[PDB]
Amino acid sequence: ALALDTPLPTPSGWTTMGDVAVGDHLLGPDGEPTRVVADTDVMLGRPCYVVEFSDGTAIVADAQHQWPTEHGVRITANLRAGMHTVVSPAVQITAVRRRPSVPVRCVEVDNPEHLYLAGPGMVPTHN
């Protein structure tokens, strides 16, 4: 679900969606370590999007990647400018557009909100 070069913060620093492994730790919605308990393979040919945020960062995600908004969970294909990604100043989605397909990959974490931080802005996103 996220492009492989997406940076993801960890308790030791940074990894990428391309490098993170089951058993590694990401950061949960409160910044605390959260364990990666499952993943996908690298997936090809999926329809991809750029999501641009108000903190000046951007994440490439596939159509079906899930985001926690003020309106509940929304997939990338349903995001619209003006929404925010929240965990309960929430960063705001400034733009969403299609982009040519790149390899993507998803992971699952084990905190009860099923959220991890993504991108250089540490934006909340849903497993």
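Residue indices: 1-based, along the sequence shown.
In the deposited sequence, the stretch from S88 to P89 hides 10 or more residues that have no coordinates. Comparing 50-58 with 73-81, the higher mean C-alpha B-factor in the PDB entry belongs to 73-81.
In this PDB entry, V96 carries a Cα temperature factor that places it within the highest third of its chain's modelled residues.
When the modelled residues of the chain are ordered by C-alpha B-factor, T125 sits in the middle third.
Ranked against the other modelled residues of its chain, the C-alpha B-factor of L4 as given in the entry falls in the middle third.
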